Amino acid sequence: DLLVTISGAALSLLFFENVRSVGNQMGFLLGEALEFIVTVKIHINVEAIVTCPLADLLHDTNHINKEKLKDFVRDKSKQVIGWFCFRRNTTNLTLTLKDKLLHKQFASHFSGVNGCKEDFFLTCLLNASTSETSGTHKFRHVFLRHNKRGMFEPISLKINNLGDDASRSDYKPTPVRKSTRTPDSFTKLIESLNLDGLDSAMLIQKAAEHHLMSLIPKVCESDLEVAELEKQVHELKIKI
């Protein structure tokens, strides 16, 4: 049994990046996979997303240049558990043959490194249509994986919120297996606190606030850094 989980923050960032782009957009899903004993349950959590021009991954051919794909993702390959495809001006949530091809290629390439089976490599199909008077904006999406029987079956998505998350007894069971081999940014913060119940929960939240507040200028820096580099590359392309 399979379940895809994602936070409001991560999901908002995905939709934020999609409505930004001039036209259609694709990229990769970063996250982990957890196993729970009950049969066994599989939770594939989506931590972050990253955009990528498909042309930068193609030879010349519609085949993914495996050399160019490694150079872009680099050391973040062990986190890629899926890819997404965004299309404007369509209410049609449809897998194209081209999309099926990209899924199979991306599955084979990442399955060895990400610590996950090729079975549950994710594909997220998003779209954005607008009304005649553009007074109503509709946003649709779905998660897919390639079945062992050759099927692209939809997976249940759970957006973890304050009312209901995927860890619902009120206890949080210890996962038997995790495909993550990357240090968590938040757990590193708690380790820095050098802790030795309620009082501990207060400090973590307070420390997270100061940490979160210090990240804000760093986020803005990296944003304008890429934004300028996005312009220079584009300016050169038009130049020629």
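Start at 1 with the first residue shown and count on from there.
**Q** Can you say how many deposited residues have no coordinates in the span between residue 168 and residue 169, choosing none, 1 to 3, 4 to 9, or 10 or more?
**A** The entry has 1 to 3 unmodelled residues between residue 168 and residue 169.
**Q** Please count the deposited residues lying between residue 196 and residue 197 that the model leaves without coordinates, and give the class: none, 1 to 3, 4 to 9, or 10 or more.
**A** Gap size class: 4 to 9 residues without coordinates, per the record.
**Q** Which of the two stretches, 228 to 236 or 10 to 18, shows the higher mean Cα temperature factor in the record?
**A** The entry gives the higher C-alpha B-factor average to 228 to 236.
**Q** Compare the mean C-alpha B-factor of 181 to 189 with that of 46 to 54 as given in the PDB entry, and name the stretch with the higher value.
**A** Going by the record's values, the stretch with the higher mean is 181 to 189.
**Q** From 127, 160, 114, 123, pick the one with the largest CA B-factor in the entry?
**A** Result of the comparison over 127, 160, 114, 123: 114.
**Q** Between 37, 30, 26, 207, where does the Cα B-factor run highest in the record?
**A** Comparing C-alpha B-factors across 37, 30, 26, 207, the top value belongs to 37.
**Q** Quick one: classify residue 132 as lowest, middle or highest third of the chain based on its Cα B-factor.
**A** Top third by C-alpha B-factor.
**Q** In terms of the CA temperature factor given in the entry, to which third of its chain does residue 88 belong: lowest, middle or highest?
**A** Middle third by C-alpha B-factor.
**Q** Lowest, middle or highest third: where is residue 153 by C-alpha B factor in its chain?
**A** It belongs to the lowest third of the chain when residues are ordered by C-alpha B-factor.
**Q** Rank-wise, by C-alpha B-factor, drop residue 77 into the lowest, middle or highest third of its chain.
**A** CA B-factor rank for residue 77: highest third.
**Q** Would the CA B-factor of residue 63 place it in the lowest, middle or highest third of its chain?
**A** Ranked within chain, residue 63 CA B lands in the highest tercile.
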